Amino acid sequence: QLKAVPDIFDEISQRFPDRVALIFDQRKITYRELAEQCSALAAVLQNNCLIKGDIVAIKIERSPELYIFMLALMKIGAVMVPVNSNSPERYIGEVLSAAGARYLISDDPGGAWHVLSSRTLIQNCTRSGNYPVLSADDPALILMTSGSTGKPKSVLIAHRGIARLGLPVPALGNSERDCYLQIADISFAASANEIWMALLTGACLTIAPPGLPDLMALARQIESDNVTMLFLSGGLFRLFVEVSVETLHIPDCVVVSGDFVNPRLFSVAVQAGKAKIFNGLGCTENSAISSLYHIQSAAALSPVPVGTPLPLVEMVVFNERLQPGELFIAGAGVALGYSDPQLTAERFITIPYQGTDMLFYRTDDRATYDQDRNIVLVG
């Protein structure tokens, strides 16, 4: 029984009020501090005619204020459309249109939407009442994803899709003790692993500087703020293995997700220190990270497996007759669907699995299983 994100963050900030929530450069913000500003901004947002269900795009460079907006937007039940800060003004319009945004809140287009100054909203903060009744199935965010061919499709993600990240993952052993690094762009689903596994568990989220990755700054930041849970794309992981693999063993866990990573790169990383290196699978339509496989030995490693699902995630490889290859995902992370309701039927299908009908997302990832109970993608 998952509650909506603000309900979870509320009781998280009430439990651990004095723990550090956000770090930027050297500025620190505690959970009680963050909760007060979130409620103050949410009241400001309501003054600006924003109501529950409004489609609100966010374009704010990495900063403490960015994640206050995220919390405030979902506290007032808005549907956030995070936009990449280096996106060209033309692709901004395509994203706003495909999501049907009524607002764009930005720190720096032309369509049926209002542009709101993020700096002015922060300046207007004076908690105020009247907050919506939010369910786990209420929409929480829209993310754009491209397929093997088509144009960018909008994916409607429910509160449960990221609220599940409040539950500790057994393969990670994470808790409020941990520290996460925010480096993945907010327009990507992978960013949800870093933002919400932190804020919804009482852990710390150190924010990387805005812009393209600065591995020197990322190196000192990973150590200075003692990052324990490091999520990485395949490119950031491979580059670190090549130029500074020692950095990958300051944390306790390193999760590589996004695409096939050469098994030799995992071998160098695992043999380099005490950090548990993971291969992870995620997709936009399942809201965030979905499975994990722990690389155990330098010679234990044939595409590396993606492992076993996260809490409340169901992952099954079905045959060609929609029965048990091809990967299907069910559970709390499944998206509400696409903007196109007809393509929604094409790739979100109800399938009987162990007695009960279950809604599965059709991933289009050819796959098969391991002997030791492990999912393995194979293009």
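The numbering used is simple: start at 1 and walk along the sequence shown. In this text, the rigid core denotes the largest set of C-alpha atoms whose superposition between the two forms falls within 1.5 Å.
**Student:** Line up the rigid core: which moves more in 4 other deposited structures of this protein, 51-59 or 349-357, by C-alpha RMS?
**Tutor:** Per-stretch check in 4 other deposited structures of this protein: the more divergent one is 349-357.
**Student:** Which stretch is less alike in 4 other deposited structures of this protein, 85-93 or 212-220, counting RMS CA distance after the rigid core is superposed?
**Tutor:** With the rigid core superposed, the C-alphas that lie farther in 4 other deposited structures of this protein are those of 85-93.
**Student:** Determine, among the other compared PDB entries that model residues flanking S302, whether at least a third leave it unmodelled.
**Tutor:** Missing in at least a third of the others, so yes.
**Student:** What size is the break between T126 and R127 in terms of deposited sequence residues left without coordinates: none, 1 to 3, 4 to 9, or 10 or more?
**Tutor:** The entry has 1 to 3 unmodelled residues between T126 and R127.
**Student:** How many residues sit between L301 and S302 in the deposited sequence but have no coordinates: none, 1 to 3, 4 to 9, or 10 or more?
**Tutor:** Gap between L301 and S302: 1 to 3 residues without coordinates.
**Student:** Mean Cα B factor from the PDB record: higher for 234-242, or higher for 265-273?
**Tutor:** Between 234-242 and 265-273, it is 265-273.
**Student:** Taking the recorded C-alpha temperature factors, which stretch has the higher mean, 194-202 or 147-155?
**Tutor:** Higher mean C-alpha B-factor in the PDB entry: 147-155.
**Student:** Go through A330, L66, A345, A335 one by one and give the residue whose Cα B-factor in the PDB entry is largest.
**Tutor:** Comparing C-alpha B-factors across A330, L66, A345, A335, the maximum falls on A345.
**Student:** Among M70, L310, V56, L322, where is the Cα temperature factor highest, going by the PDB entry?
**Tutor:** Across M70, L310, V56, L322, the entry lists the biggest C-alpha B-factor for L322.
**Student:** Relative to the other modelled residues of the same chain, rank the CA B-factor of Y131 and answer lowest, middle or highest third.
**Tutor:** Its C-alpha B-factor belongs to the highest third of this chain's values.
**Student:** Splitting the chain's C-alpha B-factors into thirds, which one does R62 fall into?
**Tutor:** Lowest third - that is where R62 ends up once the chain's C-alpha B-factors are sorted.
**Student:** Would you check the entry's CA temperature factor for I76 and let me know if it's in the chain's lowest, middle or highest third?
**Tutor:** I76: CA B-factor falls in the middle third of its chain.
**Student:** In terms of the CA temperature factor given in the entry, to which third of its chain does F260 belong: lowest, middle or highest?
**Tutor:** CA B-factor rank for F260: middle third.
**Student:** Relative to the other modelled residues of the same chain, rank the CA B-factor of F188 and answer lowest, middle or highest third.
**Tutor:** Ranked within chain, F188 CA B lands in the lowest tercile.
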